[PDB]
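Asks: I'd like to ask some things about the structure below.
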Amino acid sequence: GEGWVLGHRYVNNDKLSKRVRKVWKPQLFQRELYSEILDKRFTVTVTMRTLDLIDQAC
Amino acid sequence: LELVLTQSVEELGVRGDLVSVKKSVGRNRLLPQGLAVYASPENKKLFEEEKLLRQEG
RNA sequence: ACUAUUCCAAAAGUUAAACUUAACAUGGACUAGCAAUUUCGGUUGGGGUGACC
């Protein structure tokens, strides 16, 4: 629910005026974790905020 | 978030205790270096256990 | 939308019992130079000008 989200943009956020479609893409950063089951260090470029949920999923 | 320290570092609390630190300091230091763990009631029982047997012996 | 900024966030440090830093990439509003859509009355001894509604 992040990658490739294309919405619409307005000026005063109340529109009697023009509406122009705007593109939105998620932020990408590197997250290094360690899997003991697979015995492998993993690198995830995935969603930042999701990692905050993963930390609560442990 | 709430984390369980495997060791005593600086001023937080006693070793094994569950304390809430900053997100950056917590995630970028404690977790990857094995200095601490997340908060799971399962191993929080281990917290209460080790702590109980600490002041005991 | 593109080329350059002001702030708060992401990422790093600092003290005491609340504050300072940006190398790469990516955001929210925001300030300039660039660009994007249309409008362009009527009456009228033709129209425009003038006058009038």
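Chains: A, B, ... in order of the structure tokens. Residues: from 1 per chain. Ligands: from 1, in order shown.
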Excluding residue 35 (chain B) and its own-chain neighbours fewer than 5 positions away, which residues fall within 9 Å of it when counting only C-alpha atoms (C1' of nucleotides)? Please give them as a ChimeraX atom specification.
Replies: /B:4-9,29-30
Asks: Include N, CA, C and O atoms and write out the residues we just selected as a PDB file, in the first residue's frame.
Replies:
```pdb
ATOM      1  N   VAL B   4      14.926  -5.234  26.493  1.00  0.00           N
ATOM      2  CA  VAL B   4      15.552  -5.968  27.588  1.00  0.00           C
ATOM      3  C   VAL B   4      17.060  -6.058  27.381  1.00  0.00           C
ATOM      4  O   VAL B   4      17.529  -6.744  26.474  1.00  0.00           O
ATOM      5  N   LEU B   5      17.813  -5.366  28.229  1.00  0.00           N
ATOM      6  CA  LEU B   5      19.266  -5.326  28.111  1.00  0.00           C
ATOM      7  C   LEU B   5      19.912  -6.644  28.521  1.00  0.00           C
ATOM      8  O   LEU B   5      19.616  -7.185  29.585  1.00  0.00           O
ATOM      9  N   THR B   6      20.794  -7.158  27.671  1.00  0.00           N
ATOM     10  CA  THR B   6      21.552  -8.359  27.998  1.00  0.00           C
ATOM     11  C   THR B   6      22.745  -8.007  28.884  1.00  0.00           C
ATOM     12  O   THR B   6      23.289  -8.863  29.581  1.00  0.00           O
ATOM     13  N   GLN B   7      23.143  -6.739  28.847  1.00  0.00           N
ATOM     14  CA  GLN B   7      24.257  -6.247  29.651  1.00  0.00           C
ATOM     15  C   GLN B   7      23.959  -4.859  30.210  1.00  0.00           C
ATOM     16  O   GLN B   7      23.016  -4.196  29.777  1.00  0.00           O
ATOM     17  N   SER B   8      24.766  -4.423  31.172  1.00  0.00           N
ATOM     18  CA  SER B   8      24.604  -3.101  31.766  1.00  0.00           C
ATOM     19  C   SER B   8      25.507  -2.078  31.084  1.00  0.00           C
ATOM     20  O   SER B   8      26.732  -2.149  31.191  1.00  0.00           O
ATOM     21  N   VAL B   9      24.897  -1.125  30.387  1.00  0.00           N
ATOM     22  CA  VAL B   9      25.642  -0.101  29.663  1.00  0.00           C
ATOM     23  C   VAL B   9      25.175   1.301  30.050  1.00  0.00           C
ATOM     24  O   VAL B   9      23.981   1.601  29.989  1.00  0.00           O
ATOM     25  N   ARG B  29      21.879   0.262  17.717  1.00  0.00           N
ATOM     26  CA  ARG B  29      22.969  -0.164  18.589  1.00  0.00           C
ATOM     27  C   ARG B  29      22.654  -1.451  19.347  1.00  0.00           C
ATOM     28  O   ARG B  29      23.310  -2.474  19.149  1.00  0.00           O
ATOM     29  N   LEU B  30      21.650  -1.390  20.218  1.00  0.00           N
ATOM     30  CA  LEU B  30      21.327  -2.493  21.118  1.00  0.00           C
ATOM     31  C   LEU B  30      20.984  -3.794  20.392  1.00  0.00           C
ATOM     32  O   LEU B  30      21.574  -4.839  20.669  1.00  0.00           O
TER      33      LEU B  30
END
```
Asks: What's the 12 Å shell around residue 1 (chain C), counting only C-alpha atoms (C1' of nucleotides), without same-chain residues fewer than 5 positions away, as a list in words?
Replies: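 After dropping sequence-adjacent residues, the list is residues 9, 20, 21, 22 and 23 of chain A; 34, 35 and 36 of chain C.
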Asks: Grab the residues selected above and save them as a PDB file, in the first residue's frame with C-alpha atoms (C1' of nucleotides).
Replies:
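Written out: part_26.pdb:
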```
ATOM      1  CA  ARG A   9      -3.573  17.555  -6.034  1.00  0.00           C
ATOM      2  CA  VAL A  20      -4.008  18.043 -11.141  1.00  0.00           C
ATOM      3  CA  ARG A  21      -3.025  14.396 -10.656  1.00  0.00           C
ATOM      4  CA  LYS A  22       0.097  13.912  -8.528  1.00  0.00           C
ATOM      5  CA  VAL A  23       2.425  10.930  -8.111  1.00  0.00           C
TER       6      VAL A  23
ATOM      7  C1'   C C  34      10.913  28.918 -15.515  1.00  0.00           C
ATOM      8  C1'   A C  35       6.433  26.419 -17.511  1.00  0.00           C
ATOM      9  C1'   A C  36       0.596  24.851 -17.718  1.00  0.00           C
TER      10        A C  36
END
```
Asks: Restrict the distance test to only C-alpha atoms (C1' of nucleotides), flag each residue of chain C within 10 Å of chain A, and return the flagged residues as a list in words.
Replies: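 Listed by rising number, the hits are residues 1, 10, 25, 26, 27 and 37 of chain C.
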Asks: How would the residues just picked look written out with N, CA and C atoms (P, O5', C5', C4', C3', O3' and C1' of nucleotides) as a PDB file, in the first residue's frame?
Replies:
```pdb
ATOM      1  P     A C   1       3.720  18.759  -8.258  1.00  0.00           P
ATOM      2  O5'   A C   1       4.466  18.943  -9.655  1.00  0.00           O
ATOM      3  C5'   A C   1       5.537  18.087 -10.034  1.00  0.00           C
ATOM      4  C4'   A C   1       5.654  17.967 -11.536  1.00  0.00           C
ATOM      5  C3'   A C   1       7.070  17.997 -12.102  1.00  0.00           C
ATOM      6  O3'   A C   1       7.686  16.717 -12.083  1.00  0.00           O
ATOM      7  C1'   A C   1       5.638  19.429 -13.367  1.00  0.00           C
ATOM      8  P     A C  10      11.459  11.193  12.656  1.00  0.00           P
ATOM      9  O5'   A C  10      12.837  11.192  11.865  1.00  0.00           O
ATOM     10  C5'   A C  10      13.604  10.005  11.738  1.00  0.00           C
ATOM     11  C4'   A C  10      13.696   9.568  10.299  1.00  0.00           C
ATOM     12  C3'   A C  10      14.834   8.616   9.961  1.00  0.00           C
ATOM     13  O3'   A C  10      14.513   7.266  10.265  1.00  0.00           O
ATOM     14  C1'   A C  10      14.730  10.359   8.351  1.00  0.00           C
ATOM     15  P     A C  25      22.477  12.528  -3.968  1.00  0.00           P
ATOM     16  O5'   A C  25      21.212  11.574  -3.793  1.00  0.00           O
ATOM     17  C5'   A C  25      21.182  10.286  -4.390  1.00  0.00           C
ATOM     18  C4'   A C  25      20.151   9.378  -3.758  1.00  0.00           C
ATOM     19  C3'   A C  25      18.763   9.953  -3.531  1.00  0.00           C
ATOM     20  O3'   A C  25      17.983  10.065  -4.707  1.00  0.00           O
ATOM     21  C1'   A C  25      19.414   8.716  -1.635  1.00  0.00           C
ATOM     22  P     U C  26      16.888  11.237  -4.822  1.00  0.00           P
ATOM     23  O5'   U C  26      15.789  10.857  -3.730  1.00  0.00           O
ATOM     24  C5'   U C  26      14.995   9.688  -3.871  1.00  0.00           C
ATOM     25  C4'   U C  26      14.218   9.377  -2.615  1.00  0.00           C
ATOM     26  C3'   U C  26      13.097  10.339  -2.257  1.00  0.00           C
ATOM     27  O3'   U C  26      11.913  10.118  -3.003  1.00  0.00           O
ATOM     28  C1'   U C  26      14.366   9.853  -0.323  1.00  0.00           C
ATOM     29  P     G C  27      10.855  11.310  -3.204  1.00  0.00           P
ATOM     30  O5'   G C  27      10.232  11.526  -1.752  1.00  0.00           O
ATOM     31  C5'   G C  27       9.474  12.690  -1.450  1.00  0.00           C
ATOM     32  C4'   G C  27       8.930  12.653  -0.043  1.00  0.00           C
ATOM     33  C3'   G C  27       8.128  13.871   0.392  1.00  0.00           C
ATOM     34  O3'   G C  27       6.787  13.829  -0.062  1.00  0.00           O
ATOM     35  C1'   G C  27       9.664  13.267   2.097  1.00  0.00           C
ATOM     36  P     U C  37      -1.343  23.219 -21.851  1.00  0.00           P
ATOM     37  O5'   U C  37      -2.768  23.125 -21.148  1.00  0.00           O
ATOM     38  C5'   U C  37      -3.915  23.737 -21.715  1.00  0.00           C
ATOM     39  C4'   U C  37      -4.835  24.239 -20.634  1.00  0.00           C
ATOM     40  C3'   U C  37      -5.855  25.284 -21.062  1.00  0.00           C
ATOM     41  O3'   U C  37      -7.045  24.678 -21.541  1.00  0.00           O
ATOM     42  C1'   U C  37      -4.756  25.964 -19.049  1.00  0.00           C
TER      43        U C  37
END
```
Asks: List every residue of chain C that has an atom at most 12 Å from any atom of chain B, giving for each one its closest atom pair and the distance in Å to one decimal, counting only C-alpha atoms (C1' of nucleotides), sorted by chain and then by ascending residue number, as a Markdown table.
Replies:
```
| residue | atom | partner | partner_atom | distance |
| --- | --- | --- | --- | --- |
| C:10 | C1' | B:24 | CA | 10.5 |
| C:11 | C1' | B:24 | CA | 8.7 |
| C:12 | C1' | B:24 | CA | 9.5 |
| C:13 | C1' | B:25 | CA | 11.3 |
```
Asks: Tell me, in Å to one decimal, how far CA of residue 10 (chain A) is from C1' of residue 4 (chain C).
Replies: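 Distance reported for this atom pair: 24.3 Å.
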Asks: Output as a PyMOL selection string the set of chain B residues within 10 Å of chain A, with distances taken over only C-alpha atoms.
Replies: chain B and resi 1-2+23+27-28+31-32+37-40
Asks: Which value, in Å to one decimal, gives the distance between CA of residue 15 (chain A) and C1' of residue 31 (chain C)?
Replies: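 Taking CA of residue 15 (chain A) as the start and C1' of residue 31 (chain C) as the end point, the length is 23.4 Å.
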Asks: Work out how far apart CA of residue 46 (chain B) and CA of residue 35 (chain A) are and give it in Å to one decimal.
Replies: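 Between these atoms lies a distance of 22.0 Å.
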Asks: List every residue of chain B that DSSP, applied to the backbone of this structure, assigns to strand (DSSP E), and report them as number ranges by chain.
Replies: B: 2-5, 18-20, 36-37
